[PDB]
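Below: the structure, in structure tokens.
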Amino acid sequence: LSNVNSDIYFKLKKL
Amino acid sequence: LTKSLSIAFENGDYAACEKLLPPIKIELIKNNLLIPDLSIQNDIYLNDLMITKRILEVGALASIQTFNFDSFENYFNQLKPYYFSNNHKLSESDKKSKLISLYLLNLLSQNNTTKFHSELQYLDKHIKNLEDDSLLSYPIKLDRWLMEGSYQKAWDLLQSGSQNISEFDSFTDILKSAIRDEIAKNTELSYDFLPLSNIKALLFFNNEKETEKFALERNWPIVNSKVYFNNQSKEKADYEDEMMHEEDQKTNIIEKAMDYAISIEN
Amino acid sequence: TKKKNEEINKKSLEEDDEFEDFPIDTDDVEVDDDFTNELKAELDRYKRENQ
Amino acid sequence: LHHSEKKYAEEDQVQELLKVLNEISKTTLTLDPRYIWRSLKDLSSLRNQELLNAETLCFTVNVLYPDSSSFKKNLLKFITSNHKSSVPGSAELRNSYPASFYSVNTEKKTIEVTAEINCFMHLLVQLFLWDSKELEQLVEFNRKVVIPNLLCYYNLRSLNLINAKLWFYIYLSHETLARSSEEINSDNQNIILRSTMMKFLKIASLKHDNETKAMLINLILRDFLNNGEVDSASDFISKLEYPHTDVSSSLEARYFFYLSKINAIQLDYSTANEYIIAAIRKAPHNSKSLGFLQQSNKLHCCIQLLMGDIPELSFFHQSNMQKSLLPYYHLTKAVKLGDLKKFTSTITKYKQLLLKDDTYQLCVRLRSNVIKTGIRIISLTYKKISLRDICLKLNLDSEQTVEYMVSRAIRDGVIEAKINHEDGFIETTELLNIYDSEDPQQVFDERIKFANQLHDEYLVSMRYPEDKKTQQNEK
Amino acid sequence: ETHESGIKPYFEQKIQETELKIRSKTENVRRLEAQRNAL
Amino acid sequence: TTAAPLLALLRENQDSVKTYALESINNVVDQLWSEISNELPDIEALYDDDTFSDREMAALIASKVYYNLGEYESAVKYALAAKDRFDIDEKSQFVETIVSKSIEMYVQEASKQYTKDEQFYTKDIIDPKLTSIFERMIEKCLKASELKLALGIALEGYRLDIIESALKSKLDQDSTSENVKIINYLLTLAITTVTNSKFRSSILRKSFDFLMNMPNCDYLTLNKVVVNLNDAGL
């Protein structure tokens, strides 16, 4: 579950 | 140490028991840590238990004689789960029936019907026939009568409790003042005037001194031997009207319409 | 059958079926008063003649 | 003979399992998989009866087994070890397909499927235990296994919907064994049962998973009624974290049943009467709700008698629930008349029946209500009545004793009168026409809001199916 | 794996919150869209 | 069984007994909390008093109980009200919840005061305690050995120092290509997240020099910096 955590910072902030 | 406290109560010289009680409260930490509060039953803990309880019980009885209600509730509070958990290994006491009765009595003197019921339900299962009902009975009979609203009946038993005294006296006195307050509140709605003799009879005043004292505290003058509830009732309405909560509690005509209009225009 | 799990769980907590324990285990509010009344009205008249 | 039946039985299960498995792993539609999982269990429970039930054992041999093999062994060992094809790998009906479990690759850790199969395997196990009554050893061991297995996993929303059924089972099996006959070891484990569902209430609240939250709340409140701490329930119930968002109407009905009981003894019938009626409507009306239907009727009789209301005579007569409502019927009459003598005889004679459902606790308190209700009806009939006349009728000792039980009663405005002792009669306090008064404005205000609420409800909901239908391909 | 199971409630809060917002937005905008078209 | 003993041990008089209950509550605070919320205001009063050297401990315990009730907001505020034992909470796995709340609060305030002065971290309003909670988070990120985590939280709070440290640590040259990728993800994400001119300027200038130092980096990534800030000096 290390993978999901990274996405919050990168992708989803922009969205 | 511990056995010194137990016997100091039973000695009848309580001065020594009182002054020694806070040092043993340091030691009560040590005793509580021996037991796991009966989360796992062991006969190592059976021996420790006897002596833990021993301190709480003698002290719980002591709080009543020194009028320290706070402390009585606390000692009993600790005690409760030790009796509740588990198929018998003591887990009962001679002191248990007594201490439970005084607690119940205390809740009635607060004039809380609900809280009395709440406490009862905690005990209920474990007193049904295991401890039966014979001394525990005194506060149950008293609640019952007051619930009914037969105050005559309640009052008689209070008096007769002092012929079956078991430290009942300490809660007797409180619960007598309670009786008078309750009736006084009721009788406002009934009429405005009571002959001096009727106030004394109804509220169970024993002297006319008690009567005229109580009337002053209720903001009723006594002019020509006649009370005069007329005064305080109007005055209370006046004071109540000054508060801030309030606009929505009465609900203005302007207010009612406005709510419905935006209900529609949402 | 979707409800069925929730319903089975719930019935246990209610106490089996007390509905079926019960037969194993063991002015409609009170009686018509007109019979008595007959007796009363007649006796009124008896008194009434002599009053 | 025996093998063929188990195999066919196993096959039937394998079909169902595959449907629900595919479903979870193909897009997110959570609500649909959850409904499927509910039916799958029932289907399997009706199934077991026939074609033998050691189909579970078969599937255990033919899945990836981390500690499910040894658990299954544990299960047969309780009920005496019966082996007959129970050694792992003595069936391979997966056959290492990419269509029905790739036996090598899962072992290797390139693909993972032990997740869900494990969660399902415990669910099957619990269902079998409760049906049979394989309690004792298996219960403690089960509780032990499932908690580090489900907390091993990084909890989904999906996973949470399955485990809210496991949590119920843990609670049930421990309780049922307990009422059979007490043990010391049973109370040690009680402390631990309270602590685990209670800690989990916080976990479920962060995840905001509705099924889990609802479930935990019911169990914790039941627990408090068992041990008699009304006080603990008060602090718990001030905060309402009970979702009503999407949960089964059956849970909603169960929740309201707790609330009624607690409030009633805290001397409130305003809320109690609303919740037990509300619960009947929420509750299904199948032949699987006979338990629930019956007991709601029983608590409501009490609530009304406590307030001072007389329930319909018609309610008990026209019921098919009259057989049971025999104590309740008798109470209603006794109370009505204000006859004290009948009441004592009723309550003593029916002690055992009332005590089962703990309505006996409520019935001691109906002593106040016998006397008071007979006087509600007497004030209604006779407007101005001497205390002398009251005393003779209802057997009450003297004019001074009746005045005290009445004085209290009118404060609360039950009877609605005012006493005149300086003349000597009691005179009912009329309100007569209330249209003339300002009463109707308050009635209206509420109702309007109820109408308003349904309109908004219609509108959000109406859209829901429409959004689905548009997006799907059509001719 | 074990470490990340423990540290998760920091991360999990923020992403699950955000997702809920998408679900309610889509719902609302398309409901109002139908109303506007009819009028 | 119950918590009832524990509640009583607080209220009973003499210092020693009060001090003893605090430790007792702490043991079962996650397990059992229903009955202990009854006496939530009392726990708070013991913290106020200075006689206990376990006041810090008293504030710590109340904060766990709030979190458990369901009140995450009530929890963090109490914890920060005392300004005692947040260090324990930061590195505790079960409650990283109230920590999230503290982080969410700090980044907003930090952003505001960045416009005013680039360093404001030791300013009276931005309590040094807040700065300490934040750096503890950054260390947690690198312990899980993801540096995206550490970058993204710090860009939100307009922290110049923490970002500079991150870019500098990637001068190890673990591998050159692999260093460039991480850097590129932040320059695209700056465009969208950052709208504040002052903060935006500062961060691009730092990034130029760290890239510039490697003579081995692509000049596509260096171009991208020159154009965004649009500086004649760069």
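For the structure tokens, the naming scheme is as follows: chains receive sequential letters (A, B, ...) according to their order of presentation, residues are indexed from 1 within each chain, and ligands are indexed from 1 in presentation order.
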Set the distance at 12 Å and use only C-alpha atoms: which residues neighbour residue 184 of chain F once local chain neighbours fewer than 2 positions away are removed? I'd like the list as a VMD selection string.
(chain A and resid 10) or (chain F and resid 148 167 177 to 182 186 to 191 204 207 to 208 211 217 to 225)
Writing out the chosen residues with C-alpha atoms as a short mmCIF file (atom, residue, chain, number, x, y, z; two decimals), in the first residue's frame:
```
data_model
loop_
_atom_site.label_atom_id
_atom_site.label_comp_id
_atom_site.auth_asym_id
_atom_site.auth_seq_id
_atom_site.Cartn_x
_atom_site.Cartn_y
_atom_site.Cartn_z
CA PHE A 10 1.52 14.10 -7.22
CA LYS F 148 7.57 12.31 -3.12
CA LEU F 167 16.99 18.57 -3.75
CA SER F 177 19.03 9.75 -14.70
CA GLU F 178 17.07 8.67 -11.71
CA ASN F 179 17.75 11.90 -9.85
CA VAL F 180 16.33 14.06 -12.79
CA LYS F 181 12.92 12.27 -12.86
CA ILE F 182 11.95 13.22 -9.30
CA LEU F 186 7.82 18.95 -8.84
CA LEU F 187 8.33 21.58 -11.64
CA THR F 188 5.15 20.53 -13.46
CA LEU F 189 3.24 20.30 -10.05
CA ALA F 190 4.51 23.82 -9.09
CA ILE F 191 2.64 25.40 -11.93
CA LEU F 204 12.76 27.72 -9.11
CA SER F 207 16.30 24.04 -8.39
CA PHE F 208 18.39 25.74 -11.25
CA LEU F 211 20.56 20.79 -11.69
CA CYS F 217 21.61 16.42 -16.47
CA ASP F 218 19.48 17.05 -19.61
CA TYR F 219 19.16 20.67 -20.54
CA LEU F 220 15.37 20.10 -21.33
CA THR F 221 14.75 20.12 -17.63
CA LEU F 222 17.09 23.21 -17.23
CA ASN F 223 15.23 25.00 -20.09
CA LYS F 224 11.97 24.45 -18.40
CA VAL F 225 13.24 26.37 -15.28
#
```
Return as JSON, numbers by chain the residues belonging to chain B that are within 10 Å of chain F, counting only C-alpha atoms.
{"B": [22, 23, 25, 26, 27, 28, 29, 36, 37, 38, 39, 70, 71, 72, 73, 74, 75, 76, 77, 78, 79, 80, 81, 82, 84, 85]}
Residues near residue 34 of chain E, anyone? I mean within 12 Å using only C-alpha atoms, not counting same-chain ones fewer than 2 positions away, as a ChimeraX atom specification.
/D:459,462-463,466-467 /E:27-32,36-39
Enumerate, in order of chain and increasing residue number, the residues of chain D with an atom no farther than 9 Å from chain E, each with its shortest atom pair and distance in Å to one decimal, counting only C-alpha atoms, as CSV.
```
residue,atom,partner,partner_atom,distance
D:151,CA,E:5,CA,8.4
D:152,CA,E:5,CA,7.5
D:153,CA,E:5,CA,7.2
D:154,CA,E:5,CA,5.6
D:155,CA,E:5,CA,8.7
D:206,CA,E:13,CA,7.1
D:207,CA,E:13,CA,7.7
D:459,CA,E:31,CA,8.6
D:460,CA,E:31,CA,7.7
D:463,CA,E:31,CA,6.2
D:464,CA,E:27,CA,8.1
D:467,CA,E:30,CA,8.0
```
Define the interface residues of chain B facing chain D as those within 7 Å, counting only C-alpha atoms, and report them as JSON, numbers by chain.
{"B": [39, 40, 85, 86, 87, 114, 118, 121, 122, 147, 148, 149, 150, 151, 152, 186, 187, 189, 190, 191]}
For the interface of chain C with chain D (cut-off 12 Å, counting only C-alpha atoms), please tabulate each contacting residue of chain C alongside its nearest pair of atoms and their separation in Å to one decimal, rows sorted by chain and increasing number, as JSON lines.
```
{"residue": "C:1", "atom": "CA", "partner": "D:39", "partner_atom": "CA", "distance": 5.2}
{"residue": "C:2", "atom": "CA", "partner": "D:39", "partner_atom": "CA", "distance": 5.0}
{"residue": "C:3", "atom": "CA", "partner": "D:38", "partner_atom": "CA", "distance": 7.7}
{"residue": "C:4", "atom": "CA", "partner": "D:42", "partner_atom": "CA", "distance": 6.9}
{"residue": "C:5", "atom": "CA", "partner": "D:38", "partner_atom": "CA", "distance": 6.7}
{"residue": "C:6", "atom": "CA", "partner": "D:250", "partner_atom": "CA", "distance": 6.3}
{"residue": "C:7", "atom": "CA", "partner": "D:288", "partner_atom": "CA", "distance": 6.2}
{"residue": "C:8", "atom": "CA", "partner": "D:288", "partner_atom": "CA", "distance": 6.9}
{"residue": "C:9", "atom": "CA", "partner": "D:168", "partner_atom": "CA", "distance": 8.2}
{"residue": "C:10", "atom": "CA", "partner": "D:292", "partner_atom": "CA", "distance": 7.4}
{"residue": "C:11", "atom": "CA", "partner": "D:291", "partner_atom": "CA", "distance": 5.2}
{"residue": "C:12", "atom": "CA", "partner": "D:291", "partner_atom": "CA", "distance": 8.1}
{"residue": "C:13", "atom": "CA", "partner": "D:291", "partner_atom": "CA", "distance": 8.8}
{"residue": "C:14", "atom": "CA", "partner": "D:291", "partner_atom": "CA", "distance": 5.9}
{"residue": "C:15", "atom": "CA", "partner": "D:291", "partner_atom": "CA", "distance": 7.2}
{"residue": "C:16", "atom": "CA", "partner": "D:291", "partner_atom": "CA", "distance": 6.7}
{"residue": "C:17", "atom": "CA", "partner": "D:291", "partner_atom": "CA", "distance": 5.3}
{"residue": "C:18", "atom": "CA", "partner": "D:291", "partner_atom": "CA", "distance": 7.2}
{"residue": "C:19", "atom": "CA", "partner": "D:324", "partner_atom": "CA", "distance": 5.9}
{"residue": "C:20", "atom": "CA", "partner": "D:324", "partner_atom": "CA", "distance": 8.3}
{"residue": "C:21", "atom": "CA", "partner": "D:324", "partner_atom": "CA", "distance": 8.6}
{"residue": "C:22", "atom": "CA", "partner": "D:324", "partner_atom": "CA", "distance": 5.8}
{"residue": "C:23", "atom": "CA", "partner": "D:323", "partner_atom": "CA", "distance": 6.9}
{"residue": "C:24", "atom": "CA", "partner": "D:323", "partner_atom": "CA", "distance": 10.6}
{"residue": "C:25", "atom": "CA", "partner": "D:353", "partner_atom": "CA", "distance": 8.7}
{"residue": "C:26", "atom": "CA", "partner": "D:353", "partner_atom": "CA", "distance": 9.4}
{"residue": "C:27", "atom": "CA", "partner": "D:313", "partner_atom": "CA", "distance": 10.5}
{"residue": "C:28", "atom": "CA", "partner": "D:313", "partner_atom": "CA", "distance": 8.4}
{"residue": "C:29", "atom": "CA", "partner": "D:333", "partner_atom": "CA", "distance": 6.8}
{"residue": "C:30", "atom": "CA", "partner": "D:333", "partner_atom": "CA", "distance": 8.2}
{"residue": "C:31", "atom": "CA", "partner": "D:333", "partner_atom": "CA", "distance": 11.8}
```
